[PDB]
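Here is run_8.cif, consisting of mmCIF, C-alpha atoms:
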data_final
#
loop_
_atom_site.group_PDB
_atom_site.id
_atom_site.type_symbol
_atom_site.label_atom_id
_atom_site.label_comp_id
_atom_site.auth_asym_id
_atom_site.auth_seq_id
_atom_site.Cartn_x
_atom_site.Cartn_y
_atom_site.Cartn_z
ATOM 1 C CA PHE A 1 177.105 113.939 78.809
ATOM 2 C CA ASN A 2 178.357 114.678 75.275
ATOM 3 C CA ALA A 3 182.008 113.944 76.089
ATOM 4 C CA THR A 4 183.718 111.966 73.339
ATOM 5 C CA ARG A 5 185.637 109.705 75.741
ATOM 6 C CA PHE A 6 184.640 108.176 79.073
ATOM 7 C CA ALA A 7 187.122 106.827 81.593
ATOM 8 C CA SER A 8 187.266 103.207 82.708
ATOM 9 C CA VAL A 9 185.160 101.962 85.604
ATOM 10 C CA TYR A 10 188.068 101.569 88.035
ATOM 11 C CA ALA A 11 189.444 105.024 87.159
ATOM 12 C CA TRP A 12 186.026 106.661 87.186
ATOM 13 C CA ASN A 13 186.042 110.391 86.486
ATOM 14 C CA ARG A 14 184.564 112.839 88.999
ATOM 15 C CA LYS A 15 183.329 116.311 88.049
ATOM 16 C CA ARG A 16 182.412 119.271 90.262
ATOM 17 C CA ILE A 17 179.275 121.290 89.487
ATOM 18 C CA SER A 18 178.435 124.362 91.556
ATOM 19 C CA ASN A 19 177.358 128.008 91.377
ATOM 20 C CA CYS A 20 175.064 127.779 88.348
ATOM 21 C CA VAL A 21 171.429 127.288 87.365
ATOM 22 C CA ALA A 22 170.705 123.622 86.649
ATOM 23 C CA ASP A 23 167.913 122.586 84.278
ATOM 24 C CA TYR A 24 167.321 118.835 84.317
ATOM 25 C CA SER A 25 164.936 118.787 81.344
ATOM 26 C CA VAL A 26 167.813 119.082 78.855
ATOM 27 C CA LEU A 27 168.956 115.522 79.564
ATOM 28 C CA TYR A 28 165.565 114.020 80.455
ATOM 29 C CA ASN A 29 163.948 114.761 77.076
ATOM 30 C CA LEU A 30 166.694 112.904 75.173
ATOM 31 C CA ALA A 31 165.495 109.502 73.963
ATOM 32 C CA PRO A 32 168.757 107.486 74.325
ATOM 33 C CA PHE A 33 169.001 108.018 78.111
ATOM 34 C CA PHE A 34 166.489 105.269 78.833
ATOM 35 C CA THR A 35 167.475 103.840 82.221
ATOM 36 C CA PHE A 36 166.880 106.847 84.497
ATOM 37 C CA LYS A 37 165.780 105.563 87.909
ATOM 38 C CA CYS A 38 166.502 107.879 90.776
ATOM 39 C CA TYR A 39 167.298 107.232 94.442
ATOM 40 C CA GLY A 40 166.231 109.291 97.443
ATOM 41 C CA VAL A 41 164.481 111.881 95.255
ATOM 42 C CA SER A 42 161.831 111.833 92.548
ATOM 43 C CA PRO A 43 163.034 112.453 88.971
ATOM 44 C CA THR A 44 160.271 115.038 88.472
ATOM 45 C CA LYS A 45 161.063 117.084 91.597
ATOM 46 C CA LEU A 46 164.646 117.749 90.446
ATOM 47 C CA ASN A 47 163.539 120.956 88.702
ATOM 48 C CA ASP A 48 162.359 122.461 92.010
ATOM 49 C CA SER B 1 162.483 111.982 115.708
ATOM 50 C CA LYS B 2 162.734 110.561 112.190
ATOM 51 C CA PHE B 3 160.936 107.351 113.269
ATOM 52 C CA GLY B 4 162.806 105.425 110.591
ATOM 53 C CA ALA B 5 161.953 107.854 107.781
ATOM 54 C CA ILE B 6 164.484 109.704 105.656
ATOM 55 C CA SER B 7 163.536 113.150 106.998
ATOM 56 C CA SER B 8 161.713 114.375 110.098
ATOM 57 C CA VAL B 9 160.149 117.398 108.342
ATOM 58 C CA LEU B 10 157.024 116.795 106.285
ATOM 59 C CA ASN B 11 157.441 119.400 103.543
ATOM 60 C CA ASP B 12 160.791 117.871 102.576
ATOM 61 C CA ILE B 13 159.088 114.508 102.038
ATOM 62 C CA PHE B 14 156.449 116.216 99.904
ATOM 63 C CA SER B 15 158.961 118.251 97.890
ATOM 64 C CA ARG B 16 161.479 115.459 97.207
ATOM 65 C CA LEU B 17 159.564 112.214 96.642
ATOM 66 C CA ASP B 18 156.731 110.930 94.469
ATOM 67 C CA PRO B 19 153.398 110.041 96.118
ATOM 68 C CA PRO B 20 153.935 106.248 95.816
ATOM 69 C CA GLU B 21 156.809 106.317 98.341
ATOM 70 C CA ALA B 22 156.053 109.660 99.971
ATOM 71 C CA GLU B 23 152.914 107.952 101.265
ATOM 72 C CA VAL B 24 155.050 105.243 102.899
ATOM 73 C CA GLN B 25 157.290 107.853 104.527
ATOM 74 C CA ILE B 26 154.292 109.887 105.720
ATOM 75 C CA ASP B 27 152.631 106.734 107.062
ATOM 76 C CA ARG B 28 155.712 105.857 109.102
ATOM 77 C CA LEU B 29 155.932 109.374 110.544
ATOM 78 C CA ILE B 30 152.199 109.509 111.298
ATOM 79 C CA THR B 31 152.219 106.182 113.136
ATOM 80 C CA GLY B 32 155.242 107.293 115.154
ATOM 81 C CA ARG B 33 153.644 110.571 116.201
ATOM 82 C CA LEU B 34 150.306 108.897 116.948
ATOM 83 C CA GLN B 35 152.109 106.409 119.190
ATOM 84 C CA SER B 36 153.850 109.266 121.004
ATOM 85 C CA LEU B 37 150.574 111.125 121.547
ATOM 86 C CA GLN B 38 148.806 107.965 122.743
ATOM 87 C CA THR B 39 151.608 107.296 125.231
ATOM 88 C CA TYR B 40 151.260 110.846 126.538
ATOM 89 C CA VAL B 41 147.503 110.414 126.986
ATOM 90 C CA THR B 42 147.935 107.090 128.798
ATOM 91 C CA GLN B 43 150.427 108.507 131.294
ATOM 92 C CA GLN B 44 148.120 111.495 131.781
ATOM 93 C CA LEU B 45 145.243 109.142 132.614
ATOM 94 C CA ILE B 46 147.370 107.269 135.163
ATOM 95 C CA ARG B 47 148.510 110.500 136.819
ATOM 96 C CA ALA B 48 144.936 111.813 136.833
ATOM 97 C CA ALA B 49 143.797 108.668 138.641
#

Can you dump the structure from the file as structure tokens?
Amino acid sequence: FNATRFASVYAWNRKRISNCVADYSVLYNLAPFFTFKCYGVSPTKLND
Amino acid sequence: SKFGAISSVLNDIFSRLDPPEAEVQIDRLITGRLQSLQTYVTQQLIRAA
């Protein structure tokens, strides 16, 4: 999320995340990330 | 049977979704299972006759 450079839309970058504890409150509490609408799962339930 | 819902197990629906749409999913599942049970009872009545 804090990467200096993002790739273009056609050459979208893909990252693998596995084998770690994930806390979703670190990104949720940030003000700039306004548009956070979530499909197939509630945004609140992500912590569980 | 999923009956057109995302999952066929109830606790998944509770644990993944918010009440506003979890209620829709639960409603779909409940109507499906009620229809199944009513069909069973109707065939049982016919066979009993």

What's around residue B:17 at 9 Å? Count all atoms listed in the file, leave out sequence neighbours fewer than 3 positions away in its own chain, and write the answer as a count of residues only.
12

Minimum-distance residue to chain A, chosen among B:1, B:7, B:43, B:38 (using all atoms listed in the file)
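Checking each candidate against chain A, we get B:7 as the closest.
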
Return as a PyMOL selection string the set of residues that the PyMOL selection byres ((chain B) within 7 of (chain A)) yields on the displayed structure.
chain B and resi 15-18

What does the PyMOL selection byres ((chain B and resi 8) around 12) select in this file, as a ChimeraX atom specification?
/B:1-7,9-14,25-26,28-30,32-33

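Coordinates place atom CA of residue A:17 at a distance of 18.6 Å from atom CA of residue A:38.
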
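Taking atom CA of residue A:20 as the reference point, atom CA of residue B:19 is found at 29.1 Å.
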
Counting only C-alpha atoms, what is within 12 Å of residue A:1, bar same-chain residues fewer than 3 positions away, as a PyMOL selection string?
chain A and resi 4-6+15+26-28+30+32-33

Axis-aligned box for all listed atoms of stretch 18-35 of chain A, 3 Å per side, centre and edges in Å to one decimal, as AutoDock Vina command-line options:
--center_x 171.2 --center_y 115.9 --center_z 82.8 --size_x 20.5 --size_y 30.2 --size_z 23.6

Could you work out how far atom CA of residue A:24 lies from atom CA of residue A:36, giving the answer in Å with one decimal?
12.0 Å
